[PDB]
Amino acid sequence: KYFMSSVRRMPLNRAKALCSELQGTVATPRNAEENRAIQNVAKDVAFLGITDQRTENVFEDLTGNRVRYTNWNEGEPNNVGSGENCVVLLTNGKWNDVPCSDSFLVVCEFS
């Protein structure tokens, strides 16, 4: 598994399109080791390939597989405002759910 980060920010739909263009997907850490590797390639807050768009509070990857390993920041996920169904990896390595329409860097994963 190889991780590459974008230089520009974009919403999740554009992020998915970017990783998909090179036949990869938005990065989804499956353990602490991958979480750190992703954090390291990302120089700022970046999107992960995890959402609870299908079912609220049920987080799964972009292929529908419910995630097992999580690393939520204290107080997250909180689905605040009108809702937050996407996930970003903070600069300290913890996760926060955010609106999928907001823009962040993207880390793509390839195998």
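Only the largest set of C-alpha atoms that superpose within 1.5 Å between the two forms is called the rigid core. Residue positions are given as counts along the sequence shown, with the first one as 1.
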Problem set entry | Higher C-alpha RMS shift from the shown form in 8 other deposited structures of this protein - 55 to 63 or 26 to 34, rigid core fit | 55 to 63
For this session: Would you determine, from the values in the PDB entry, which of 64 to 72 and 42 to 50 has the greater average C-alpha temperature factor?
Result: 64 to 72
Exercise. When the C-alpha temperature factors are averaged for each of 8 to 16 and 21 to 29, which stretch ends up with the higher value in the entry?
Worked result: 8 to 16
Exercise. Say you rank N85, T55, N78, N35 by Cα B-factor from the PDB entry; which sits at the top?
Worked result: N78
